[PDB]
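In the form deposited in one PDB entry, a lone chain appears below as structure tokens.
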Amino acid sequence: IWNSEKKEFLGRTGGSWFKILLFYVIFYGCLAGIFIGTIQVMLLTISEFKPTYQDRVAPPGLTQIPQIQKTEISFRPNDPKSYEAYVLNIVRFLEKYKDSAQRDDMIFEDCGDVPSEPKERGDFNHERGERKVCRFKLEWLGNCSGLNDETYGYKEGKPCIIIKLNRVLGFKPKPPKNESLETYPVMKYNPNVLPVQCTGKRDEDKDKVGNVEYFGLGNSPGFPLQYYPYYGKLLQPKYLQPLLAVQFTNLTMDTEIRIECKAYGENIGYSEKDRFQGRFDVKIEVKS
């Protein structure tokens, strides 16, 4: 703390203060040139089309598009201001699914209107150009009774829980290869789908768990398989992944309901630690 330590008559805690600054600039500059060199060389061994490892991406997780803070959907079907946040997220996500954006111009293609076999567009190389993606029509979701091209949870019912599967590069999901499984859809058929079901958390919750109504391609609960495998952002920009709208019609007002939606399959696997892998949970309650 002595004043006679910062400048006696030569300099501030050292002479000319220069041969240290020059050394570190050269030392750190040379050191930063070795870090950049090793990073660049590591990037030569990394493929530009597929990741080196994909084991950490387990069977892809299942997510619902309304981004909810605590996996809960609480609102009142009377005051409009309660559900601005819930319906604005859906509108933002579906702006890429509108028909006005899915022009061909050698990007999109008129894909099948019935669940078809997975489409192999070639090897994951640059020998071929970009890949044409199957187009998804927003009218495939719809509503039982309401407006045209509606993405709102109005006084009647609840917002359409749009269910999507996380994209995995070069992933071909396999539906269960049997009959009379844990799912019992009216239009049940093994190929070209991937069964999902939004059941209740508990037998207490399954009581008046509602009439879960699904709105997917082919009017069957699942993901059509002709949109797989995903070929990556570089090869397939503006890739329109399949959606699955779930609309709840009759549920107990002023009662917290816990809904567990699964996605059965052979490739699909579940984990006890990751609650979003293969399945997901959501709590929805409307206030009187």
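Whichever C-alpha set is largest while still superposing within 1.5 Å between the two forms counts as the rigid core. One rule holds for the numbers: they count along the sequence shown, beginning at 1.
Although it is not shown, the form deposited in another entry is what the next lines describe.
- Core-superposed comparison between the shown form and the other one: among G157, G216, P115, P175, the single residue whose C-alpha moves by 2 Å or more is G157.
- If you fit the rigid core between the shown form and the other one, you'll see the Cα of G14 move by 2 angstroms or more.
- The Cα shift for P185 between the shown form and the other one, taken after rigid core superposition, is 2 angstroms or larger.
- Once both forms are fitted on their rigid core, the CA atom of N78 lies less than 2 Å apart between the shown form and the other one.
- Note on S145 and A101: their C-alpha atoms are nearer in the other form, a change of at least 3 Å from this conformation.
- Note: the CA-CA distance for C144 and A245 contracts in the other form relative to this form, by 3 angstroms or more.
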